[PDB]
């Protein structure tokens, strides 16, 4: 009966880092997806296993929305089967992923002349992430695999920071990303189209 709170995830004031991406479950509401594909600022609006223009005609068991911020050159890694430090150590999509990837430039927010370094990403890990797996740990990394503490050699903090400055090119400016997942279980449909 209610409208699905898409404005609460797409226009939330703050966004999390990619290594600690956050998921919101959308359920028991009516989703008028034209609120999204009528917008003009979405720099990437691609879907997998479904067309966005036919989203208003469909019904799903649930809808999941993941939020995080990459830099421009890293948006390409939010795709099924992709490789790279974001797709392997931060946020990975399965190859049979059914949903949409949404991203828009946010340099007026999240980017400063001083330089916003608050957004982090993991660049060191023992093994790739599984699809939709999360790794929020911050333990010093060693290629050896044994415990080490930072000042020693061959010991590194596994989280690196983004450098969002208001003077860089769009490849280094920050982008807010929303990944929509459409679930189809053998259960009643709780998220449908407008009418």
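Residue numbers count along the first chain shown, from 1.
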* Asked: When the C-alpha temperature factors are averaged for each of 122 to 130 and 147 to 155, which stretch ends up with the higher value in the entry?
  -> 147 to 155
* Give the stretch, out of 30 to 38 and 60 to 68, with the larger mean C-alpha temperature factor in the deposited entry. => 30 to 38
* Structure fact -> Reading the B-factor column for Cα atoms of 168, 44, 51, 138, the highest value belongs to 168
* Against its chain's modelled residues, does residue 106's Cα B factor rank lowest, middle or highest third? -> middle
* Asked: Among the modelled residues of its chain, does the C-alpha B-factor of residue 173 lie in the lowest, middle or highest third?
  -> middle
* According to the PDB entry, is the CA B factor of residue 15 in the bottom, middle or top third of its chain, that is, lowest, middle or highest? -> middle
* Among all modelled residues of this chain, ranked by Cα B factor, put residue 179 in the bottom, middle or top third, i.e. lowest, middle or highest. => lowest
* Pull the Cα B-factor of residue 112 out of the PDB entry and bin it into the chain's lowest, middle or highest third. => highest
